[PDB]
Amino acid sequence: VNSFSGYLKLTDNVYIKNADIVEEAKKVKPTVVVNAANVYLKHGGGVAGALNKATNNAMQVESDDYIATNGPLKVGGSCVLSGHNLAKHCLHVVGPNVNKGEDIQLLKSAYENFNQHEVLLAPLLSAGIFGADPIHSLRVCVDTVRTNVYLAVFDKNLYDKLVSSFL
Ligand SMILES: OC[C@H](CC1CCCC1)Nc1ncnc2[nH]ccc12
């Protein structure tokens, strides 16, 4: 039993809700919140900009130190950093950004990072401003993640389409 509320169950391990991931994280304080990161951990917009804003820029400060030490992530890769006031940990995961020409096949590799954590609150990787088809992202999520994932979909209209089209 966990404290996630109001989710529709899609499969044995995947759940979905129309929600602002920032507000969800502040309520649940999950062990792991997933950020839709880029390789530079520059949290400018989308989920990343919103999460970072909610941390009063502490996420960005921590991220800049991480990059200065370690260099950029790989597309499809991840790192674990602090969750600040939102969660115990933040798993920064880089899905391919179609608006940069990156290979959509890397989306499966990106979701594989979720399997290192028993339970996660997460967005749909590569959706939104990353330019991929969210229906496809949900399909890859369900077919790749084996741990318990609670997906927050910000856009209500998109949420309804994802549910109604789910196979
Ligand atoms: O990339 C996933 C998603 C893409 C868009 C959301 C609506 C239409 C497409 N972004 C978000 N998902 C959940 N909570 C969020 N809070 C701020 C941003 C955000």
# chains A, B, ... in the order shown; residues from 1 in each chain; ligands from 1
$ residues_around --residues "residue 51 of chain A" --least-positions-apart "3" --cutoff "12 Å" --atoms "only C-alpha atoms" --output "JSON, numbers by chain"
{"A": [20, 21, 22, 23, 24, 25, 26, 33, 34, 35, 36, 37, 42, 43, 44, 45, 46, 47, 48, 54, 55, 56, 57, 58, 59, 60, 82, 83, 84, 85, 86, 87, 90, 91, 92, 122, 123]}
$ select_by_dssp --residues "chain A" --states "strand (DSSP E)" --output "ChimeraX atom specification"
/A:8-9,14-18,32-36,78-82,89-93,119-122,148-153
$ closest_residue --among "A:151, A:8, A:73, A:32" --to "ligand 1" --atoms "only C-alpha atoms and all ligand atoms"
A:151
$ atom_distance --atom1 "atom CA of residue 66 of chain A" --atom2 "atom CA of residue 131 of chain A"
26.3 Å
$ select_by_dssp --residues "segment 47-163 of chain A" --states "alpha helix (DSSP H)" --output "number ranges by chain"
A: 47-54, 58-70, 106-112, 134-144, 156-163
$ closest_residue --among "A:70, A:126, A:109, A:116" --to "residue 97 of chain A" --atoms "only C-alpha atoms"
A:126
$ closest_residue --among "A:128, A:71, A:95, A:101" --to "residue 141 of chain A" --atoms "only C-alpha atoms"
A:95
$ residues_around --residues "residue 99 of chain A" --least-positions-apart "4" --cutoff "9 Å" --atoms "only C-alpha atoms" --output "PyMOL selection string"
chain A and resi 129-132
$ write_last_selection --atoms "N, CA and C atoms" --output "tab-separated table (two decimals), in the first residue's frame"
chain	number	residue	atom	x	y	z
A	129	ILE	N	7.01	19.19	-24.68
A	129	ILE	CA	7.96	19.95	-25.49
A	129	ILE	C	9.10	19.11	-26.05
A	130	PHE	N	9.24	17.84	-25.63
A	130	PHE	CA	10.21	16.95	-26.26
A	130	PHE	C	9.72	16.38	-27.59
A	131	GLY	N	8.45	16.60	-27.95
A	131	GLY	CA	8.00	16.43	-29.32
A	131	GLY	C	7.60	15.04	-29.76
A	132	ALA	N	7.60	14.04	-28.88
A	132	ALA	CA	7.17	12.71	-29.29
A	132	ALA	C	5.66	12.54	-29.11
$ closest_residue --among "A:27, A:156, A:146, A:53" --to "residue 115 of chain A" --atoms "only C-alpha atoms"
A:146
$ closest_residue --among "A:12, A:118, A:133, A:155" --to "residue 98 of chain A" --atoms "only C-alpha atoms"
A:133
$ closest_residue --among "A:140, A:81, A:94, A:10" --to "residue 113 of chain A" --atoms "only C-alpha atoms"
A:94
$ residues_around --residues "residue 31 of chain A" --least-positions-apart "6" --cutoff "8 Å" --atoms "only C-alpha atoms" --output "short mmCIF file (atom, residue, chain, number, x, y, z; two decimals) with C-alpha atoms, in the first residue's frame"
data_model
loop_
_atom_site.label_atom_id
_atom_site.label_comp_id
_atom_site.auth_asym_id
_atom_site.auth_seq_id
_atom_site.Cartn_x
_atom_site.Cartn_y
_atom_site.Cartn_z
CA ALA A 87 10.60 13.93 -2.96
CA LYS A 88 13.42 12.01 -1.33
CA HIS A 89 15.21 11.62 -4.68
CA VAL A 119 8.08 2.95 -7.05
CA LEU A 120 8.18 6.23 -9.00
#
$ atom_distance --atom1 "atom CA of residue 158 of chain A" --atom2 "atom 8 (C, counted along the ligand's line) of ligand 1"
6.2 Å
$ decode --residues "segment 13-167 of chain A" --atoms "C-alpha atoms" --output "compact mmCIF listing (two decimals), in the first residue's frame"
# COMPACT_ATOMS: atom_id res chain seq x y z
CA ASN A 13 2.32 -2.00 -12.42
CA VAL A 14 1.38 1.15 -14.41
CA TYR A 15 -1.08 3.77 -13.12
CA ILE A 16 -2.13 7.11 -14.65
CA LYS A 17 -3.78 10.36 -13.52
CA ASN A 18 -4.52 13.85 -14.85
CA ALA A 19 -2.33 15.86 -12.50
CA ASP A 20 0.35 18.51 -12.18
CA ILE A 21 3.45 16.51 -11.21
CA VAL A 22 4.66 19.42 -9.06
CA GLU A 23 1.47 19.43 -7.00
CA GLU A 24 1.42 15.63 -6.87
CA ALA A 25 4.99 15.49 -5.57
CA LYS A 26 4.32 18.14 -2.93
CA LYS A 27 1.34 16.11 -1.67
CA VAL A 28 2.77 12.58 -1.79
CA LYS A 29 6.46 13.32 -1.15
CA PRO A 30 7.32 10.12 -3.04
CA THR A 31 10.61 8.32 -2.68
CA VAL A 32 11.38 9.09 -6.34
CA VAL A 33 10.07 11.80 -8.66
CA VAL A 34 11.22 11.55 -12.28
CA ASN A 35 12.36 14.69 -14.08
CA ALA A 36 12.12 15.01 -17.87
CA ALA A 37 15.74 16.14 -18.11
CA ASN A 38 18.09 17.09 -20.91
CA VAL A 39 21.73 16.00 -21.06
CA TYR A 40 22.93 19.32 -19.60
CA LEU A 41 20.44 19.26 -16.70
CA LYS A 42 19.32 22.74 -17.80
CA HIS A 43 15.84 22.83 -16.30
CA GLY A 44 14.25 25.54 -18.40
CA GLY A 45 10.72 24.48 -19.30
CA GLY A 46 8.20 21.71 -19.35
CA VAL A 47 8.31 19.37 -16.38
CA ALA A 48 11.95 20.25 -15.63
CA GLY A 49 11.36 23.99 -15.48
CA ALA A 50 8.31 23.45 -13.28
CA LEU A 51 10.05 21.07 -10.86
CA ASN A 52 13.07 23.33 -10.59
CA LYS A 53 10.90 26.41 -9.95
CA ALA A 54 9.16 24.54 -7.12
CA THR A 55 12.59 23.94 -5.51
CA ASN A 56 13.38 27.67 -5.63
CA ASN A 57 16.22 26.86 -8.12
CA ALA A 58 17.98 24.48 -5.70
CA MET A 59 17.57 21.69 -8.26
CA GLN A 60 19.44 23.79 -10.85
CA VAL A 61 22.24 24.68 -8.40
CA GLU A 62 22.74 21.01 -7.53
CA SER A 63 22.55 20.04 -11.21
CA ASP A 64 25.19 22.57 -12.27
CA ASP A 65 27.61 21.11 -9.73
CA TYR A 66 26.79 17.59 -11.00
CA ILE A 67 27.56 18.58 -14.61
CA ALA A 68 30.74 20.44 -13.65
CA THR A 69 32.01 17.24 -12.03
CA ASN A 70 30.65 14.55 -14.35
CA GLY A 71 29.87 16.10 -17.72
CA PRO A 72 26.61 15.67 -19.61
CA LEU A 73 24.33 12.67 -19.41
CA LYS A 74 23.65 10.43 -22.40
CA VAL A 75 20.34 10.56 -24.25
CA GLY A 76 18.55 7.57 -22.75
CA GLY A 77 20.52 7.91 -19.51
CA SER A 78 19.82 9.16 -16.02
CA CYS A 79 21.25 10.26 -12.71
CA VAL A 80 19.89 10.26 -9.16
CA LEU A 81 20.01 13.61 -7.36
CA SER A 82 18.17 15.13 -4.42
CA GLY A 83 14.40 15.47 -4.50
CA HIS A 84 14.69 18.70 -2.46
CA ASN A 85 11.28 19.69 -1.04
CA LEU A 86 9.40 17.50 -3.55
CA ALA A 87 10.60 13.93 -2.96
CA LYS A 88 13.42 12.01 -1.33
CA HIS A 89 15.21 11.62 -4.68
CA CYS A 90 14.86 12.99 -8.19
CA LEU A 91 15.67 10.59 -11.02
CA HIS A 92 16.68 12.86 -13.92
CA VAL A 93 15.95 10.85 -17.09
CA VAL A 94 16.82 12.02 -20.61
CA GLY A 95 14.34 10.91 -23.22
CA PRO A 96 15.06 11.73 -26.86
CA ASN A 97 13.96 15.22 -27.94
CA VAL A 98 12.36 14.89 -31.37
CA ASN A 99 12.61 18.66 -31.82
CA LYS A 100 16.40 18.07 -31.76
CA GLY A 101 16.36 15.12 -34.19
CA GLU A 102 17.17 12.47 -31.57
CA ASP A 103 16.42 8.80 -32.17
CA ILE A 104 13.00 7.83 -30.80
CA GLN A 105 14.29 4.27 -30.30
CA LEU A 106 16.20 5.69 -27.31
CA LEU A 107 12.86 6.12 -25.52
CA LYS A 108 12.92 2.48 -24.42
CA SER A 109 16.43 2.91 -23.00
CA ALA A 110 15.21 6.00 -21.13
CA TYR A 111 12.33 4.10 -19.52
CA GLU A 112 14.67 1.23 -18.52
CA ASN A 113 16.13 3.59 -15.90
CA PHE A 114 12.82 3.37 -14.03
CA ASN A 115 13.42 -0.34 -13.32
CA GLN A 116 16.14 0.57 -10.81
CA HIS A 117 13.47 1.98 -8.46
CA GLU A 118 10.60 0.07 -6.87
CA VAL A 119 8.08 2.95 -7.05
CA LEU A 120 8.18 6.23 -9.00
CA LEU A 121 6.07 9.30 -9.73
CA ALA A 122 6.82 10.22 -13.33
CA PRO A 123 5.80 12.11 -16.48
CA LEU A 124 5.54 10.55 -19.91
CA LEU A 125 9.08 10.68 -21.28
CA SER A 126 9.70 12.57 -24.52
CA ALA A 127 6.12 13.96 -24.49
CA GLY A 128 5.20 17.64 -24.29
CA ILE A 129 7.96 19.95 -25.49
CA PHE A 130 10.21 16.95 -26.26
CA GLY A 131 8.00 16.43 -29.32
CA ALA A 132 7.17 12.71 -29.29
CA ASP A 133 3.72 11.15 -29.56
CA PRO A 134 2.43 10.68 -25.98
CA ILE A 135 0.36 7.64 -26.97
CA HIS A 136 3.62 6.05 -28.10
CA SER A 137 5.41 7.13 -24.92
CA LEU A 138 2.72 5.47 -22.80
CA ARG A 139 2.99 2.28 -24.86
CA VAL A 140 6.77 2.16 -24.42
CA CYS A 141 6.36 2.82 -20.70
CA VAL A 142 3.92 -0.06 -20.23
CA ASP A 143 6.08 -2.41 -22.32
CA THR A 144 9.38 -1.47 -20.61
CA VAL A 145 8.83 -0.50 -16.97
CA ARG A 146 8.31 -3.43 -14.60
CA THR A 147 8.41 -1.49 -11.33
CA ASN A 148 5.44 0.50 -10.00
CA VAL A 149 5.03 3.74 -11.93
CA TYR A 150 2.47 6.48 -11.23
CA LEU A 151 2.18 8.67 -14.34
CA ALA A 152 1.06 12.28 -14.00
CA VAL A 153 -0.37 13.75 -17.22
CA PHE A 154 -0.71 17.53 -16.94
CA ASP A 155 -3.08 18.12 -19.87
CA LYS A 156 -6.61 16.92 -19.11
CA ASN A 157 -7.52 16.68 -22.78
CA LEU A 158 -4.42 14.56 -23.40
CA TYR A 159 -5.17 12.38 -20.37
CA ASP A 160 -8.64 11.52 -21.68
CA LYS A 161 -7.18 10.66 -25.08
CA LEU A 162 -4.51 8.44 -23.49
CA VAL A 163 -7.08 6.52 -21.44
CA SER A 164 -9.60 6.15 -24.26
CA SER A 165 -6.94 4.94 -26.71
CA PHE A 166 -5.10 2.61 -24.32
CA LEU A 167 -4.89 -0.98 -25.49
